[PDB]
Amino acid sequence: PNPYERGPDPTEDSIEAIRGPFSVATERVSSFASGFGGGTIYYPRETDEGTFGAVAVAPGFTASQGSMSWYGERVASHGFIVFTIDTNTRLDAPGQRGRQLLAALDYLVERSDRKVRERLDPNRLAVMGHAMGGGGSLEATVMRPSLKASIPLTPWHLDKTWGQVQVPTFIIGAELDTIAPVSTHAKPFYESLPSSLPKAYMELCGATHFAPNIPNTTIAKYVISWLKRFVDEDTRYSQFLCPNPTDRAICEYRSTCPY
C-alpha cells in the first residue's frame, strides 16, 4: 500500500544492475542560476506510478559534476530525480557546499520547468556528495532537518562532531583513503551521529579517495537501497540493509539496524 513504492520487488540482481526499470531523460541547468553552479537533472520518464523524490549530488574540492556523472543514469533509472551539481567555484568549502546542495534542491521545487516539476514530490528530498561535498551533505542536514536521507561519500570535514543530525545518514568510507582517512573523517563522523538515528557506515576494502568517481557496484547497490528505504519509505529494501551487508568488497560495516 505504500504510496511511494516505485518499481517491481527488488532482488540482488536488480539493485546491482547498471540500469533500473525506468528510462531516463536529462536537462542541463546553466551556471547562471543563483545559489549554485548549475548542473544536470536526470529524471524518470514514466509517470504512471506517480511522482518521485529527488537527490542533489555534490562533487569534491577542485572537482566538477563530471566526477559524479555516473550516479545520474544509474540512480535515476531506479526511480529518482538526480541533480548532479557544480559549485559556485571549485574551491568552495564544505559549509558552502551544503548551502548549494539546498539551493539545488530548491531549484527543483521552485524554479524547474514543467517536465521536471510535475514529476517531483517536493516533500521527499535527499542529499549526497563526495569528499568536501560529503562534508557538505552533513552540513545540509544540519541546515535542513526535514531532508529524508543523506549519503556522504568518502567525506572530508574539519568538524568531527555531528550529534545534532536528524536525517538518516549513510557514510561510505575507503579503507586506504589518504586524503580523507576513515580514521580521522568518516568513522568519527559516523560515531558522533546520534545512536537513535537510522545510520550506517560501509568501508570498502583497498579503496582510495577517488573510488566514488568511477562506477562501483558496491556503492551503487547500497546507495540505491538507502534512498529507496528513506526517500520512498520503501521497506522492501530493508532486506539488503539489515542485517549488515557482507559483500566481499566490504571490509567493515556498522549500523543501527534493524530499520
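Think of the rigid core as the biggest set of C-alphas that the two forms share within 1.5 Å after superposition. Each residue number is its position in the shown sequence, starting from 1.
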property	result
More shifted region, core-based fit in 4 other deposited structures of this protein, 124 to 132 vs 110 to 118 by CA	110 to 118
Residue stretch of maximal mean CA temperature factor, 79 to 87 vs 149 to 157	79 to 87
Higher-scoring stretch by recorded Cα B factor average, 103 to 111 or 127 to 135	103 to 111
Candidate set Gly38, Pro198, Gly66, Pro212 [ranked by C-alpha B-factor, highest]	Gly66
Third assignment of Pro59 from its chain's C-alpha B-factors	middle
Chain third (lowest, middle, highest) by recorded CA B-factor, residue given as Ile172	lowest
Cα B factor band for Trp70 (lowest, middle or highest third within the chain)	middle
Third of chain Cα B-factors occupied by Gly53	lowest
Relative C-alpha B-factor of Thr217, binned into the chain's lowest, middle or highest third	middle
